[PDB]
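Protein chains in written order, with the authors' numbering: chain E, 3 to 9, 11 to 27, 27A to 27C, 28 to 95, 95A, 96 to 106; chain B, 518 to 538, 565 to 663; chain B', 518 to 538, 565 to 663; chain B'', 518 to 538, 565 to 663; chain D, 1 to 52, 52A, 53 to 72, 72A to 72H, 73 to 82, 82A to 82C, 83 to 100, 100A to 100F, 101 to 110. A prime marks a further copy of an entry chain.
Worksheet: one structure, shown below.
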Amino acid sequence: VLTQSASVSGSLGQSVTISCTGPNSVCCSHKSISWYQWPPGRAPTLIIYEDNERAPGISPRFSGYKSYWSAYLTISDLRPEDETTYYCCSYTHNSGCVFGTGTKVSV
Amino acid sequence: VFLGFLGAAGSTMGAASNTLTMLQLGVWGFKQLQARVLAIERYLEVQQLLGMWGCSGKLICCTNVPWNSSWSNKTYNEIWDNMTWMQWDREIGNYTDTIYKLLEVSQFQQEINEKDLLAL
Amino acid sequence: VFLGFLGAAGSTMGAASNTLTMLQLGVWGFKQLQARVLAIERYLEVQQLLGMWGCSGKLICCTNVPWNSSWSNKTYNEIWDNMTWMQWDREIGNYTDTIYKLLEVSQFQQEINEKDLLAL
Amino acid sequence: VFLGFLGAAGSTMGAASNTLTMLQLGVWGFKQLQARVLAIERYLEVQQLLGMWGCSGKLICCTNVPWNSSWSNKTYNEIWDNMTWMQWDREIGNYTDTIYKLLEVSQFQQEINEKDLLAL
Amino acid sequence: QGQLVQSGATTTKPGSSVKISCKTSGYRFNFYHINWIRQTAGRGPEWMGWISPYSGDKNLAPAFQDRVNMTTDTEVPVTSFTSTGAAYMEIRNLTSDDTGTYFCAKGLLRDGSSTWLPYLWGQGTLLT
Ligand SMILES: *[C@@H]1O[C@H](CO)[C@@H](O[C@@H]2O[C@H](CO)[C@@H](O[C@@H]3O[C@H](CO[C@H]4O[C@H](CO)[C@@H](O)[C@H](O[C@H]5O[C@H](CO)[C@@H](O)[C@H](O)[C@@H]5O)[C@@H]4O)[C@@H](O)[C@H](O[C@H]4O[C@H](CO)[C@@H](O)[C@H](O)[C@@H]4O)[C@@H]3O)[C@H](O)[C@H]2NC(C)=O)[C@H](O)[C@H]1NC(C)=O
């Protein structure tokens, strides 16, 4: 039920921004949004949790935002390894993740 | 008496600290006395330091020293909701004396600032 | 030194508290030392408690605990103008440890309230 | 530990204070213990007095006692810029106990003034 | 640190019920929820459920409510902050729709609002 961007891409030096939104049952002002970097069929990676918090070791280039109706994932200064798919979560303190449709990128 | 408040030693730092839920001169005569002196030597080890930081009678005293990120570059949420006082101490144990000295000068200068303030 | 302030032991509670007006190892060598340790064990018995209530350096510290009338249902005028500290202590001696614990949590929570206040 | 802060003993009073820049019971077993008790008897000699003046945890506490010019009729500039703590102490050593008593009553009355203030 | 090694990538046919293991190391197994999440090839990544290796409390999705059995045996102490636990999970009326790689991941923190968030992931187990 949680939709994101169809697809985006950029080049080495610029930035992107992956959308993520849904109805009031999933989005947003009353829920926490997390962002995962997930290569298809392999071990994923946490990058952002509860809106704008960066996981340990995550480079300061990754940024998260959340208006009252949608959440974004800004990937400033792209690199070759950032060419993956991306998914967003929608969770509270006592629940489970409601993942997104999917958004892919490239350079 | 109840100096054993270790009850939350395996809990997270923020769950534990932020929101709790006549002798005879023989070998039991000199043993029991040295154990009585050895206890209050150490209670005054810390209560003196607590006095040198402007923290006498305070369990949670805020200071005037910014956090040098070289001590620990970790977030509030990955400290007080993830680590325990036992292991946080070990991670930051090397700079423990630099912060002490620096706490001491922040309070000493704060003592003379109020001295210049109460002179008016 | 002058720890004998009993001078107003027979006076009313409010008249007294509210408005005052090199050894040799022998039997005098180990006696005089234990008497010296036994004195400061007890001075730190109370000064530690005074620190656990936010009362360090205070002779009259006001607290944040309402008076449970089951402790003593008596008036201010029939306490501080009629009773003496010696006999008031005996009347309220049973609940003396309940109040201590309760004083301790009132100060601990007060330590984190100012912690949330100074965070802004 | 570092109780030897005499580093500025020959400097002027205002340059120093205002702006800094397991035993065995033998003759080393009872010697080392009495030296350990003799140290904290004296740390509590002063920290008790500091508590009786409303100065717990303070290196520079201002008081409520005006300066009796009969103690020393000398200027701020001929004290804190001319004399040293070692010799100033000797000059004012005779009245040192009168000021102590007087400090003690200024704090005791200040304890009941705030008592009348917090009663509202 | 920490590493969650999973089970083998063995395949079965519909009507069966397979168990997937998840052997942890390098961290206190009791301190963080274990979390299984399935990546079906013909759907979106679906969260299956976390269990508490300490409280023994579980929470699944309503799509696996009466279809999944998730358990953990006790942890083996290694040092003051290192344990070795094992996580097990099954599926009831299993079909071929449930085909995909299954992951196990430990929780993020142990307090706050992001407690169980699948931070450290495993190796995945190919089904089919
Ligand atoms: C010892 O170590 C363990 C392991 O770390 C500690 O256990 C963890 O404690 C933390 C809190 O410190 C827990 O985080 C909380 O998680 C709950 C989720 O549980 C809630 O939801 C369940 C499913 O809906 C529900 O069944 C629960 O209700 C009862 O059931 C269980 C047992 O079945 C029982 O344990 C409960 O207490 C209830 O009796 C339960 O309601 C979540 O709701 C919490 O969020 C709230 O609180 C946080 C602050 O804590 C706040 O920030 C939020 O906004 C929200 O208000 C909170 O996230 C964690 O789940 C525990 N388990 C782990 C990590 O595996 C244990 O506490 C340690 N004890 C000591 C003494 O050190």
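Backbone N, C-alpha and C define an ideal beta-carbon position, used for all residues, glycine too.
Item, Value
"Report yes or no: do three or more beta-carbon pairs, one from the stretch 569-589 of chain B'' and one from the stretch 631-647 of chain B, lie closer than 8 Å?", "no"
"Give the residues of chain B in contact with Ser599/B'', contact being defined as C-beta atoms less than 8 Å apart.", "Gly594, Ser599 and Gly600"
"Mind listing the chain B' neighbours of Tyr586/B? Cutoff is C-beta to C-beta under 9 Å, in chain order.", "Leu587 and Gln591"
"Just to make sure I have the definition right: I need the residues of chain E whose C-beta is within less than 8 Å of the C-beta of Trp47/D. Which are they?", "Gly95A, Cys96, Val97 and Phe98"
"So, are the CB atoms of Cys23/E and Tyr68/E less than 8 Å apart?", "no"
"At a CB distance below 7 Å, what residues from the stretch 629-661 of chain B' approach chain B? Give them in sequence order.", "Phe651, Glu654, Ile655, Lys658 and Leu661"
"Measure the alpha-carbon distance for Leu593/B'' versus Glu654/B and round it to whole angstroms.", "15 Å"
"Secondary structure at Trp50/D, three-state DSSP: helix, strand or coil?", "strand"
"Residues of chain D with CB closer than 9 Å to the CB of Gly531/B, please, in chain order.", "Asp99 and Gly100"
"Count the other C-beta atoms from every protein chain shown that fall within 10 angstroms of the C-beta of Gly597/B', then say buried if there are 16 or more, exposed otherwise.", "buried"
"Am I right that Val18/D and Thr12/D are in contact with their C-beta atoms under 8 Å? What's the rounded C-beta distance?", "5 Å"
"Cβ of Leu566/B' within 8 Å of Cβ of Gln577/B''?", "yes"
"Hey, is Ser25/D close to ligand 1, as in C-beta under 7 Å from one of its heavy atoms?", "no"
"Whose C-beta lies closer than 6 Å to the C-beta of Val11/E among residues of the same chain, with five residues either side of it excluded?", "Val19 and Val104"
"By the DSSP assignment, the beta strand (DSSP E) with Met565/B'' in it spans what residues?", "That residue, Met565/B'', is in no beta strand (DSSP E); it is neither H nor E in DSSP."
"Closer than 7 Å by C-beta to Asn58/D: which residues in its own chain qualify, once you throw out the five before and the five after it? Chain order, please.", "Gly49 and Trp50"
"Under 7 Å: does the beta carbon of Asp99/D sit that close to some heavy atom of ligand 1?", "yes"
"Which same chain residues end up closer than 7 Å to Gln17/E when comparing Cβ atoms and leaving out the 5 residues on each side of it in sequence?", "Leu78"
"Let me confirm a value: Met530/B'' is counted as buried when at least 16 other C-beta atoms fall within 10 Å, else exposed. Which label applies?", "buried"
"Taking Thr87/D as the reference, which of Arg28/D, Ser21/D, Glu46/D and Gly26/D has the closest Cα?", "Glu46/D"
"Among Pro44/E, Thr5/E, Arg42/E and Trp38/E, which one has its Cα closest to the Cα of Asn27/E?", "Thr5/E"
"Give the single residue among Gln1/D, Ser7/D and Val67/D whose Cα lies nearest to the Cα of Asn82B/D.", "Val67/D"
"Mind checking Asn35/D: buried by the 16 CB within 10 Å criterion, or exposed?", "buried"
"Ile603/B' versus chain B: which residues are under 9 Å apart at the beta carbon?", "Residues of chain B passing the Cβ test: none, with the nearest at roughly 15 Å."
"Are the CB atoms of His93/E and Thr71/D nearer to each other than 8 Å?", "no"
"Alpha carbon to alpha carbon, how far is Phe522/B from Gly104/D? Give it in angstroms, no decimals.", "38 Å"
"Whose Cβ in chain B lies nearer than 9 Å to the Cβ of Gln577/B'?", "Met565, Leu566 and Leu576"
"Quick check on the DSSP output: the alpha helix (DSSP H) that includes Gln630/B runs from which residue to which?", "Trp628 to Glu634"
"Please state if the CB of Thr83/D and the CB of residue 111/D are separated by a distance shorter than 8 Å.", "Residue 111/D falls outside the range modelled here, since chain D spans only 1 to 110, and no answer is possible."
"Buried or exposed, going by whether 16 or more other CB atoms sit within 10 Å of the CB of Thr536/B?", "exposed"
"Could you tell me whether any non-hydrogen atom of ligand 1 is closer than 7 Å to the CB of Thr70/D?", "no"
"Just to confirm, are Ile37/D and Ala93/D a CB contact at a threshold of 8 Å?", "yes"
"Compare the C-beta of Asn620/B against all C-beta atoms of chain E and say whether one is closer than 8 Å.", "yes"
"Among the residues of its own chain, which have a CB less than 6 Å from the CB of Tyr638/B'', if the five just before and after it don't count?", "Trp614"
"Along the beta strand (DSSP E) that carries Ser76/E, what are the first and last residues, could you check?", "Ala71 to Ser76"
"Any heavy atom of ligand 1 closer than 7 Å to the Cβ of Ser528/B?", "yes"
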